[PDB]
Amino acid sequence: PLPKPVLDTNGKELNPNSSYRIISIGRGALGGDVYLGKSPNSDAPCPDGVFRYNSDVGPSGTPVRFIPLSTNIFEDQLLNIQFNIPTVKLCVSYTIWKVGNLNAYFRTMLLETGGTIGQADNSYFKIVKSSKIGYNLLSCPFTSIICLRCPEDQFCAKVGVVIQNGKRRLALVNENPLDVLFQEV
């Protein structure tokens, strides 16, 4: 059963050598690209939160790029995500996607930057097919820990949104995964 590659909004497969906006299936109010923001309650000296805009009628998202364990970007395979933007050089670290510590208010972990590439921690995601339209992101935190009788001894979860100060904040959810598309820039 051959690994299936993830495609952009043009059919053309996903390339490590290129940058993409993670854009929303949902249209208008129901849409808004993923971007890099500052968490309302973060002590980080850089923007460290992963949000989507509240409508698609405003700014484009922040270009991300993907980093497989492989050579190519496939469905259902661990990878790193990283905002692909020039930074002031305190924040030079705060571009790699990561899943945070458990947040008691939201009872889930939230997406943030400050992650690492190549390492077995909280910085691994999966692209997969939505059960509805397009693609879902997964977060597979704790790759170093045997998740008992789980697929491949690995804990993974769907990536959705919670509302944090009236902004859409990507977080691990149980229902309504964010369905997304990748759009080269």
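Residues carry their position along the shown sequence, with the first being 1.
Student: Comparing 100-108 with 85-93, which has the greater mean CA B-factor as deposited?
Tutor: Higher mean C-alpha B-factor: 85-93.
Student: Can you tell me whether 42-50 has a higher mean C-alpha B factor than 156-164 in this record, or the other way round?
Tutor: Mean C-alpha B-factor is greater for 42-50.
Student: Sorting the chain's modelled residues by C-alpha B-factor, tell me whether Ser55 ends up in the lowest, middle or highest third.
Tutor: As the PDB entry reports it, the C-alpha B-factor of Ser55 lands in the highest third of its chain.
Student: Ranking every modelled residue in this chain by its Cα temperature factor as given in the entry, which third contains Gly28?
Tutor: Ranked within chain, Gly28 CA B lands in the highest tercile.
Student: Comparing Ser139 with the other modelled residues of its chain, is its CA B-factor in the lowest, middle or highest third?
Tutor: It belongs to the lowest third of the chain when residues are ordered by C-alpha B-factor.
Student: For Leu14, return the chain-relative third of its C-alpha B-factor as stated in the PDB record: lowest, middle or highest.
Tutor: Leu14: CA B-factor falls in the highest third of its chain.
Student: Taking the C-alpha B-factors as the PDB entry records them, is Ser123 in the lowest, middle or highest third of its chain?
Tutor: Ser123: CA B-factor falls in the lowest third of its chain.
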